[PDB]
Amino acid sequence: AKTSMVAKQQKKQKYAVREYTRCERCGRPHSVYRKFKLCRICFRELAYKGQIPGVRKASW
Amino acid sequence: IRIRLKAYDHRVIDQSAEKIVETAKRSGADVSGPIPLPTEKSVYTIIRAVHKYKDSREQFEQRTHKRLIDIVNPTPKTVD
Amino acid sequence: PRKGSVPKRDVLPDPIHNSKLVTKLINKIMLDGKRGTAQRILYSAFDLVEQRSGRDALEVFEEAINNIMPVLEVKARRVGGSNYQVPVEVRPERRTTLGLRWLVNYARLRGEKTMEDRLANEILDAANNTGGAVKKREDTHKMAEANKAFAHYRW
Amino acid sequence: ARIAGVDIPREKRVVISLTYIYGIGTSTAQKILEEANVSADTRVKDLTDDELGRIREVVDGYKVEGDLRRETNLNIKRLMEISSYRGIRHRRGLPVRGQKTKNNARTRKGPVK
Amino acid sequence: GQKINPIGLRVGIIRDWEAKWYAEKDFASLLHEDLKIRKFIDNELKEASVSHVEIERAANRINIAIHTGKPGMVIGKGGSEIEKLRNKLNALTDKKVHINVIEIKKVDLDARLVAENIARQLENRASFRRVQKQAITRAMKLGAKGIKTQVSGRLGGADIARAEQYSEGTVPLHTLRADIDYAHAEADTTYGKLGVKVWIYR
Amino acid sequence: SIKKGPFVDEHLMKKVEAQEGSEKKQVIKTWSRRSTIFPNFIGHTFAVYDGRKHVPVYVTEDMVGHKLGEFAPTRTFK
Amino acid sequence: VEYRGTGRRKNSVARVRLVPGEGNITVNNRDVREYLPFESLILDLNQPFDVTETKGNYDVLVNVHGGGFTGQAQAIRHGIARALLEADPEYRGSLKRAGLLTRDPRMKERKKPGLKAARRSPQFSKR
RNA sequence: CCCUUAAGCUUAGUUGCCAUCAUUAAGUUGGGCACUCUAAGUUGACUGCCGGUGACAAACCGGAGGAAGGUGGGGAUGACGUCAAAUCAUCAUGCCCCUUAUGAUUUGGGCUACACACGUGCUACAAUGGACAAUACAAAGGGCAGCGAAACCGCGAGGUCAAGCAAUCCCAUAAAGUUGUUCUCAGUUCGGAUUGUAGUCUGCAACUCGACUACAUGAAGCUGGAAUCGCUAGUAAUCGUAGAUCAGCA
């Protein structure tokens, strides 16, 4: 599921690693990150206008 | 004491170095001056196309500024 | 490339051989980008050539280029209304820069087991005529030395 | 020529050039040189009368078999012929290995392209 | 067919990297609460004129500046509104304390409230044109170098709808150093789900 | 594989050793392919398949380094 | 006395002093021939002395570091030139009809993200 | 135009780069100098009349040029609109549907494994070349759950994961061009395909449910068709420290 597979993941299916990271307020299982706890098109909105700091679009 | 300096912009950590130096300078101590450090970065790349479109991808990351200072006079003049 | 007029863009420098043609062919024979390897093949494998082949490749480098470089070329150039090729004047950057690759495509020809010794055997039976390196030069150069074509063309 | 079956070639070194005869070859051949003065000589047709006697009495005393254990292939297959693996689910089912039986090329089990 | 977000590029450079803080150790979960408090003036305030938000916390000393929208009609009397706003903010544990106030002016100067405001008064079977052009003039009457407002989704009364973008000449976006800005209108009523576009020079 | 804890099942081998009272053979029925085995296996099938039944399997001195139903058919060529 | 022996090329710098008296360039307590892998061109790294008409002028006390070896050399095309230019201040108006006194020719670029190798991108299988 | 490199005043001239001091195994202990861009807040640039005129109709050429070709590579920058496609399927959708099955528990099974014909990314097809070996250089993720040093287990799909813990500081033979042990053209000590033995360690379970492999099974192979691969500087030839993603593996 996706709209009902939120507790299954972030509740305790009874092993160390059966939590597979998913976007905080979403259900997308692929393209995710722990310390961001979100995804691609369930996260991007933030570094527009600054809600994520020091994010220049280019020029490393 | 190895006090630390940490930031994400190129104007919030020069202030950190300078201003702790000055806080110690405003009162009597042979405290240390500005010791800058390089400008580091924290990358984060990820596909943007809502579908399976790729290779039209532009670099997307951030800049994590990390500086360091020593307080070379522990004093009861300007410590806190 | 809307324009052109590009040169060799290099100031050919040599180590301890004192030559300007022994440094423009060290990168051509340079097997899979091997500077020192080719540098040791141009100071120990190109110096012991006399011991194996017969003569040294020091001052006899001009006989391995001038006695093999062709003149008439074979490039399609429509002119008038037919379809006949026209040769380009053998210029320094179009005869010595392209006519100096007679050691990379001929290194895998000499069937004398040892490939390293076969690469040093390209100076023998090729410095003069009727050889295995000038055999492809006689099937090109000798093809328009008598049959003249257009002289008022562009190339 | 003498170690197992025959092995003819010359001009080369006897240390690992054993690869022909099953079970062992080259790698182990040059790594099993555990004897009294046996070594590669580059003269495969010289220098050898009785040294082979001892460094062969080992190969007979080398109870780890080699050719003699060519049949551990067949016999570990024999155990598995109940449709298990390597004999029933890999020999009685006519499939390939790599567990990509067929997405890439295959000549040894399927020799026909 | 692409003019991408200048909400998304002109950040830090002139308008500055909005989200502020480092935190030495607490990294993922001081942000696990930040979208819900930074977007708390657009979710529990019903997306009301919020022009931009912010987060600032190290040292366990959080404060957050915010327009407070257009103030006075939400605040009311004696201050018994924003005290309960703080009641709703910190009581997670200590989250989003002291969310201060500098007042904001001119509803028809800046695109942010205009966005969801013109996601409101077109779709009411009134000739959405007659009011489209109305708030087009009212915010290109001031004197900015234009606001190019246009409805991209589901105009008309008939079924098959297009993205008709009725813009008015010039409102830059390629002043890389200065700021151009997109405040968006994702609404609908009785009919489908609508799309509008807005671009201001300040 | 590793040594040190072959993973004899708790429930499953309980069902065995306490259903291995007599010679009566009730083997697995388990439609599960995860077990691990002892020397005291006594004549019976398994069910190492889940199509719409329960599959007889090898019983006597079968594959000896394994901890599952290595010999149990589900398919073949076609 | 010759100070400010400096000069870099391809992400690989050195700093090479020059000493009043004789001349011998010496990097990392080694020579112009026993620190570079074989690359028969040990006299070349000092042709900033043989475009100079005089070569044994000033001993170095040089130093190195870097990532590879090709970028490590061919910068000391300035390891002489910089300090040499400084002490001999005749060296701007008579040292370019060969091309020595200052050159700083090429450097690196960005490995493209998603492409095989910067210029190399996903090739076409067929059509 | 703001930026990635750039003579640069410098500056972190402490952990920084090592002429000055030889107190310098990466614990750059050191002057707490520099010696120089260097570790960026990078700062400059530009048609700069340019040496010319085209007979002039502007430009541009180039005398070599500021340390970077005429915008400083140029990074970012993306005309109307063509494209019924790019998403009903990772995302949000107006729309109606199976409703103790299409969901559902772990699964039996399965987007790898046939009876085959093609597209794939490089290492294949020895006389400087493997099974094999003394062994120069560190970039840059890192790491609050990670890497392993000098020495080192060198048989891999790493391990005790022991010590320095944001320029540094751990993967250190990083792989070659550096002397090149080793197999004189027989499928030959080139092989890591199957008919073989199977394995590094973190799994609630390798029979069809990936590996590449060493114990080395010695096969594809010796230049190429009706059928195929980089290209004016270090980009690729070849690999390369590793790993984002995540209890195995590019």
# chains A, B, ... in the order shown; residues from 1 in each chain; ligands from 1
call {"tool": "interface_residues", "arguments": {"of": "chain B", "to": "chain H", "cutoff": "7 Å", "atoms": "only C-alpha atoms (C1' of nucleotides)", "output": "ChimeraX atom specification"}}
result
/B:35-39,50-51
call {"tool": "write_last_selection", "arguments": {"atoms": "N, CA and C atoms", "output": "short mmCIF file (atom, residue, chain, number, x, y, z; two decimals), in the first residue's frame"}}
result
data_model
loop_
_atom_site.label_atom_id
_atom_site.label_comp_id
_atom_site.auth_asym_id
_atom_site.auth_seq_id
_atom_site.Cartn_x
_atom_site.Cartn_y
_atom_site.Cartn_z
N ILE B 35 41.13 33.68 12.89
CA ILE B 35 41.77 32.55 12.22
C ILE B 35 40.74 31.91 11.30
N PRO B 36 40.61 32.37 10.06
CA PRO B 36 39.70 31.72 9.11
C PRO B 36 40.12 30.31 8.67
N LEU B 37 39.13 29.57 8.19
CA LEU B 37 39.23 28.25 7.59
C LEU B 37 38.56 28.23 6.24
N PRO B 38 38.95 27.28 5.36
CA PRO B 38 38.30 27.15 4.05
C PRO B 38 36.79 27.05 4.08
N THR B 39 36.19 27.06 2.89
CA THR B 39 34.71 26.94 2.73
C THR B 39 34.37 25.52 2.24
N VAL B 50 9.54 13.93 -12.83
CA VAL B 50 8.55 13.11 -12.15
C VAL B 50 8.48 11.69 -12.68
N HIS B 51 8.97 11.49 -13.91
CA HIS B 51 8.95 10.17 -14.59
C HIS B 51 10.35 9.54 -14.57
#
call {"tool": "select_by_dssp", "arguments": {"residues": "chain B", "states": "helix (DSSP H, G or I)", "output": "list in words"}}
result
residues 14, 15, 16, 17, 18, 19, 20, 21, 22, 23, 24 and 25 of chain B
call {"tool": "write_last_selection", "arguments": {"atoms": "N, CA, C and O atoms", "output": "PDB file, in the first residue's frame"}}
result
ATOM      1  N   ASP B  14      32.326  33.913   9.138  1.00  0.00           N
ATOM      2  CA  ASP B  14      33.270  35.005   9.352  1.00  0.00           C
ATOM      3  C   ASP B  14      32.844  35.842  10.541  1.00  0.00           C
ATOM      4  O   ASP B  14      33.678  36.226  11.361  1.00  0.00           O
ATOM      5  N   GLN B  15      31.550  36.149  10.642  1.00  0.00           N
ATOM      6  CA  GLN B  15      31.071  36.837  11.827  1.00  0.00           C
ATOM      7  C   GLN B  15      31.360  36.028  13.075  1.00  0.00           C
ATOM      8  O   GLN B  15      31.723  36.598  14.106  1.00  0.00           O
ATOM      9  N   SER B  16      31.216  34.701  13.013  1.00  0.00           N
ATOM     10  CA  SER B  16      31.474  33.902  14.210  1.00  0.00           C
ATOM     11  C   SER B  16      32.913  34.083  14.687  1.00  0.00           C
ATOM     12  O   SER B  16      33.162  34.474  15.843  1.00  0.00           O
ATOM     13  N   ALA B  17      33.869  33.865  13.778  1.00  0.00           N
ATOM     14  CA  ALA B  17      35.281  34.037  14.113  1.00  0.00           C
ATOM     15  C   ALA B  17      35.566  35.453  14.607  1.00  0.00           C
ATOM     16  O   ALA B  17      36.045  35.652  15.737  1.00  0.00           O
ATOM     17  N   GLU B  18      35.214  36.450  13.791  1.00  0.00           N
ATOM     18  CA  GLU B  18      35.504  37.837  14.125  1.00  0.00           C
ATOM     19  C   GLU B  18      34.885  38.228  15.460  1.00  0.00           C
ATOM     20  O   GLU B  18      35.559  38.803  16.317  1.00  0.00           O
ATOM     21  N   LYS B  19      33.607  37.903  15.662  1.00  0.00           N
ATOM     22  CA  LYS B  19      32.874  38.456  16.789  1.00  0.00           C
ATOM     23  C   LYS B  19      33.230  37.774  18.097  1.00  0.00           C
ATOM     24  O   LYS B  19      33.214  38.434  19.136  1.00  0.00           O
ATOM     25  N   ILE B  20      33.550  36.474  18.107  1.00  0.00           N
ATOM     26  CA  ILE B  20      34.052  35.956  19.377  1.00  0.00           C
ATOM     27  C   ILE B  20      35.423  36.548  19.667  1.00  0.00           C
ATOM     28  O   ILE B  20      35.732  36.898  20.823  1.00  0.00           O
ATOM     29  N   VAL B  21      36.245  36.742  18.624  1.00  0.00           N
ATOM     30  CA  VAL B  21      37.522  37.404  18.858  1.00  0.00           C
ATOM     31  C   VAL B  21      37.295  38.759  19.510  1.00  0.00           C
ATOM     32  O   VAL B  21      37.894  39.068  20.541  1.00  0.00           O
ATOM     33  N   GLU B  22      36.375  39.554  18.953  1.00  0.00           N
ATOM     34  CA  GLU B  22      36.120  40.899  19.462  1.00  0.00           C
ATOM     35  C   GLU B  22      35.503  40.872  20.858  1.00  0.00           C
ATOM     36  O   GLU B  22      35.881  41.678  21.719  1.00  0.00           O
ATOM     37  N   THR B  23      34.543  39.968  21.105  1.00  0.00           N
ATOM     38  CA  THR B  23      33.987  39.841  22.449  1.00  0.00           C
ATOM     39  C   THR B  23      35.098  39.688  23.462  1.00  0.00           C
ATOM     40  O   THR B  23      35.043  40.253  24.560  1.00  0.00           O
ATOM     41  N   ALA B  24      36.116  38.917  23.104  1.00  0.00           N
ATOM     42  CA  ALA B  24      37.276  38.830  23.968  1.00  0.00           C
ATOM     43  C   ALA B  24      38.176  40.060  23.868  1.00  0.00           C
ATOM     44  O   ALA B  24      38.941  40.324  24.802  1.00  0.00           O
ATOM     45  N   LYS B  25      38.095  40.827  22.775  1.00  0.00           N
ATOM     46  CA  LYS B  25      38.975  41.980  22.622  1.00  0.00           C
ATOM     47  C   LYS B  25      38.453  43.197  23.379  1.00  0.00           C
ATOM     48  O   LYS B  25      39.248  43.982  23.915  1.00  0.00           O
TER      49      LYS B  25
END
call {"tool": "residues_around", "arguments": {"residues": "residue 74 in chain C", "least_positions_apart": "4", "cutoff": "12 Å", "atoms": "only C-alpha atoms (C1' of nucleotides)", "output": "count of residues only"}}
result
14
call {"tool": "residues_around", "arguments": {"residues": "range 102-108 of chain D", "least_positions_apart": "2", "cutoff": "9 Å", "atoms": "only C-alpha atoms (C1' of nucleotides)", "output": "PDB file with C-alpha atoms (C1' of nucleotides), in the first residue's frame"}}
result
ATOM      1  CA  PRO D  95      19.641 -25.247 -17.516  1.00  0.00           C
ATOM      2  CA  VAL D  96      22.736 -22.939 -17.607  1.00  0.00           C
ATOM      3  CA  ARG D  97      24.776 -21.582 -14.628  1.00  0.00           C
ATOM      4  CA  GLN D  99      22.000 -17.964 -12.325  1.00  0.00           C
ATOM      5  CA  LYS D 100      21.714 -15.920 -15.454  1.00  0.00           C
ATOM      6  CA  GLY D 110      24.264 -24.207 -24.824  1.00  0.00           C
ATOM      7  CA  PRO D 111      26.803 -24.360 -27.660  1.00  0.00           C
ATOM      8  CA  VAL D 112      24.367 -23.352 -30.407  1.00  0.00           C
ATOM      9  CA  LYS D 113      23.817 -19.702 -31.473  1.00  0.00           C
TER      10      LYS D 113
ATOM     11  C1'   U H 112      17.503 -12.943 -12.965  1.00  0.00           C
ATOM     12  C1'   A H 113      16.493 -19.075 -14.572  1.00  0.00           C
ATOM     13  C1'   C H 114      13.962 -20.912 -22.240  1.00  0.00           C
ATOM     14  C1'   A H 193      32.845 -18.933 -19.038  1.00  0.00           C
ATOM     15  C1'   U H 194      30.566 -24.821 -17.583  1.00  0.00           C
ATOM     16  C1'   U H 195      30.626 -30.717 -17.182  1.00  0.00           C
ATOM     17  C1'   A H 219      36.689 -22.332 -22.592  1.00  0.00           C
ATOM     18  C1'   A H 220      35.287 -17.779 -25.786  1.00  0.00           C
TER      19        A H 220
END
call {"tool": "closest_residue", "arguments": {"among": "G:85, G:27, G:41, G:14", "to": "chain C", "atoms": "only C-alpha atoms"}}
result
G:41
call {"tool": "atom_distance", "arguments": {"atom1": "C1' of residue 204 in chain H", "atom2": "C1' of residue 158 in chain H"}}
result
26.1 Å
call {"tool": "closest_residue", "arguments": {"among": "B:67, B:77, B:57, B:10", "to": "residue 57 in chain A", "atoms": "only C-alpha atoms"}}
result
B:57
call {"tool": "select_by_dssp", "arguments": {"residues": "range 11-114 of chain G", "states": "strand (DSSP E or B)", "output": "MDAnalysis selection string"}}
result
chainID G and resid 14:15 18:20 58:59 63:64
call {"tool": "residues_around", "arguments": {"residues": "residue 32 in chain F", "least_positions_apart": "6", "cutoff": "8 Å", "atoms": "only C-alpha atoms (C1' of nucleotides)", "output": "list in words"}}
result
residues 47, 48 and 49 of chain F
call {"tool": "closest_residue", "arguments": {"among": "G:21, G:71, G:89, G:48", "to": "chain H", "atoms": "only C-alpha atoms (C1' of nucleotides)"}}
result
G:71
call {"tool": "residues_around", "arguments": {"residues": "residue 138 in chain E", "least_positions_apart": "5", "cutoff": "9 Å", "atoms": "only C-alpha atoms (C1' of nucleotides)", "output": "PyMOL selection string"}}
result
chain E and resi 108-109+133
call {"tool": "residues_around", "arguments": {"residues": "range 43-56 of chain E", "least_positions_apart": "5", "cutoff": "8 Å", "atoms": "only C-alpha atoms (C1' of nucleotides)", "output": "MDAnalysis selection string"}}
result
(chainID A and resid 49 51) or (chainID E and resid 18:21 34 38 62:70 112:114 116)
call {"tool": "closest_atom_pairs", "arguments": {"of": "chain A", "to": "chain H", "cutoff": "12 Å", "atoms": "only C-alpha atoms (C1' of nucleotides)", "output": "Markdown table"}}
result
| residue | atom | partner | partner_atom | distance |
| --- | --- | --- | --- | --- |
| A:1 | CA | H:103 | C1' | 8.6 |
| A:2 | CA | H:90 | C1' | 10.1 |
| A:4 | CA | H:103 | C1' | 11.2 |
| A:13 | CA | H:204 | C1' | 10.6 |
| A:14 | CA | H:204 | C1' | 8.9 |
| A:15 | CA | H:204 | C1' | 8.1 |
| A:16 | CA | H:247 | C1' | 8.3 |
| A:17 | CA | H:247 | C1' | 6.6 |
| A:18 | CA | H:247 | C1' | 9.4 |
| A:19 | CA | H:247 | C1' | 11.2 |
| A:20 | CA | H:246 | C1' | 8.7 |
| A:21 | CA | H:246 | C1' | 9.5 |
| A:22 | CA | H:90 | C1' | 11.9 |
| A:23 | CA | H:91 | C1' | 11.1 |
| A:26 | CA | H:91 | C1' | 9.1 |
| A:27 | CA | H:91 | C1' | 9.2 |
| A:28 | CA | H:90 | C1' | 6.4 |
| A:29 | CA | H:90 | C1' | 7.9 |
| A:30 | CA | H:90 | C1' | 7.2 |
| A:31 | CA | H:245 | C1' | 7.8 |
| A:32 | CA | H:245 | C1' | 8.4 |
| A:33 | CA | H:245 | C1' | 8.7 |
| A:34 | CA | H:246 | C1' | 10.6 |
| A:39 | CA | H:91 | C1' | 10.0 |
| A:40 | CA | H:91 | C1' | 8.9 |
| A:41 | CA | H:91 | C1' | 6.3 |
| A:42 | CA | H:91 | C1' | 7.5 |
| A:43 | CA | H:91 | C1' | 11.0 |
| A:56 | CA | H:3 | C1' | 9.4 |
| A:57 | CA | H:76 | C1' | 8.2 |
| A:58 | CA | H:76 | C1' | 6.5 |
| A:59 | CA | H:4 | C1' | 5.3 |
| A:60 | CA | H:4 | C1' | 6.1 |
call {"tool": "write_last_selection", "arguments": {"atoms": "C-alpha atoms", "output": "compact mmCIF listing (two decimals), in the first residue's frame"}}
result
# COMPACT_ATOMS: atom_id res chain seq x y z
CA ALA A 1 0.00 0.00 0.00
CA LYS A 2 1.01 3.72 0.06
CA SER A 4 -2.06 2.80 4.47
CA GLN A 13 7.71 -5.08 12.10
CA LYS A 14 9.76 -7.04 14.45
CA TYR A 15 13.33 -6.82 13.13
CA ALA A 16 16.22 -4.35 13.01
CA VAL A 17 15.96 -3.33 9.36
CA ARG A 18 12.44 -3.92 8.05
CA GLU A 19 12.01 -0.18 8.35
CA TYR A 20 12.85 0.97 4.83
CA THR A 21 13.06 4.72 4.77
CA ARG A 22 10.10 6.60 3.23
CA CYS A 23 9.22 10.33 2.81
CA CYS A 26 4.02 10.58 2.01
CA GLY A 27 4.29 6.88 0.98
CA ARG A 28 6.94 6.77 -1.81
CA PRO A 29 9.41 3.94 -0.89
CA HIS A 30 12.13 4.65 -3.53
CA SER A 31 14.49 7.70 -3.66
CA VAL A 32 14.60 8.48 0.12
CA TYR A 33 17.18 9.56 2.78
CA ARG A 34 17.24 9.07 6.60
CA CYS A 39 12.05 12.02 -0.94
CA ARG A 40 12.29 13.84 -4.38
CA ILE A 41 8.80 15.19 -5.10
CA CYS A 42 7.76 14.90 -1.44
CA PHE A 43 10.67 17.10 -0.29
CA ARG A 56 22.67 27.32 -4.39
CA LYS A 57 21.31 25.56 -7.48
CA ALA A 58 24.73 25.29 -9.17
CA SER A 59 28.39 26.43 -8.92
CA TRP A 60 29.83 23.96 -6.32
